[PDB]
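These notes are about the structure you will find just below.
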Ligand SMILES: CSC[C@H](NC(=O)[C@H](Cc1ccccc1)NC(=O)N1CCOCC1)C(=O)N[C@@H](CC1CCCCC1)[C@@H](O)C(=O)OC(C)C
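Numbering (our numbering), first residue to last: 2 to 331.
Structure (structure tokens):
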């Protein structure tokens, strides 16, 4: 079987992408943030404390004929930007883009932190890292992708994220119209539960490619590109009004500037980020300064190839028993 769904940016700065997911019978449609940096599918629901809900669309398990309570199972997660939620657990039918899994664990939030209530566009998360990071206890639950692997035509999914535009997640086949050239695959380590890989090096603008190993994660649920301090400082040295701003929390530059492209290595292949994709946008509406899309990972403690990078490429998460990651230009 296969599925394909449209993923849309939630705002004009592509802060995050949402995708329609049908949960329940009859189907309740919620727009979920597909996150390769965690492994919990959880939703706002009729369980969630009332003053912590607004904007969002909730799932109501009592109106789904196929929902079962998973007795005794509770979950609690927190993310890299400090947000968090917890609750209990049902199984129920979940479909993406025509592709249906029965028995999937749908985590019901009893409580959500303040950034989730304030974000009206995102109704939940669908996690697509490896199932060892799942948070349900006592027994951890498999992700949507792990549960669909049995019925998929191949055990892959692809992310094709658009630059101020919609894009596509596909499951189970590779759309050879959606990219150019050939895809290059590189090994993934699953040690930490992420789609973790090693970049072979980087270039700035039309300058030289430096071969140096950058271990990092491919994470659809992080906005920016976060790389080692000395790499990000070589980037912004080429932008004459860029400086590191403590107040703002990163490198800022005048919005009028034309930025250089950034190239990162995959194997022998090279992926080039256009400079326009690194201009994240004005620091406030009508400002002359804009925030940069490449920033340091030093306080994070891991390198993140977030949406700034993955949207310049067509990327294949290859979920075979030995996983790999594929990138092609587009
Ligand atoms: C340095 S890692 C930080 C990362 N968060 C992000 O990257 C959020 C994403 C967001 C977008 C729109 C609205 C709300 C949140 N953006 C963000 O912090 N930005 C700050 C700087 O300007 C760009 C936007 C991350 O924590 N996200 C979670 C996924 C989940 C969180 C809740 C909302 C739905 C997405 C996950 O990807 C994660 O923890 O990765 C870990 C492994 C580092």
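Backbone N, C-alpha and C fix where the C-beta goes; we use that ideal spot for every residue, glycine too.
**The beta strand (DSSP E) enclosing residue 197, as first and last residue numbers** = 197-205
**Message:** For ligand 1, is there any heavy atom lying closer than 7 Å to the beta carbon of residue 18?
**Reply:** no
**Message:** Given the structure, does residue 59 come close to ligand 1, in the sense that its CB is under 7 Å from one of the ligand's heavy atoms?
**Reply:** no
**Prompt:** Contact check, residue 258 vs residue 242 under 8 Å by CB: the rounded distance?
**Reply:** 6 Å
**Prompt:** Three-state secondary structure (DSSP) at residue 132?
**Reply:** helix
**Request:** Measuring alpha carbon to alpha carbon, tell me which of 88, 199, 104 ends up nearest residue 304.
**Result:** 199
**Asked** Is residue 39 near ligand 1, in the sense that its beta carbon is under 7 Å from a heavy atom of that ligand?
**Response** yes
**Proximal residues to residue 29 (C-beta, below 6 Å), its chain only, five neighbours per side dropped** = 60
**Request:** Output the boundary residues of the alpha helix (DSSP H) element that contains residue 236.
**Result:** 230-238
**Endpoints, alpha helix (DSSP H) assigned at residue 118** = 115-119
**Request:** Following the continuous alpha helix (DSSP H) through residue 147, name the residue where it begins and the one where it ends.
**Result:** 145-149
**Message:** Using a 10 Å radius around the Cβ and a threshold of 16 neighbouring Cβ atoms, would you call residue 249 buried or exposed?
**Reply:** exposed
**Pair within 8 Å by beta-carbon distance, residue 4 and residue 99** = yes
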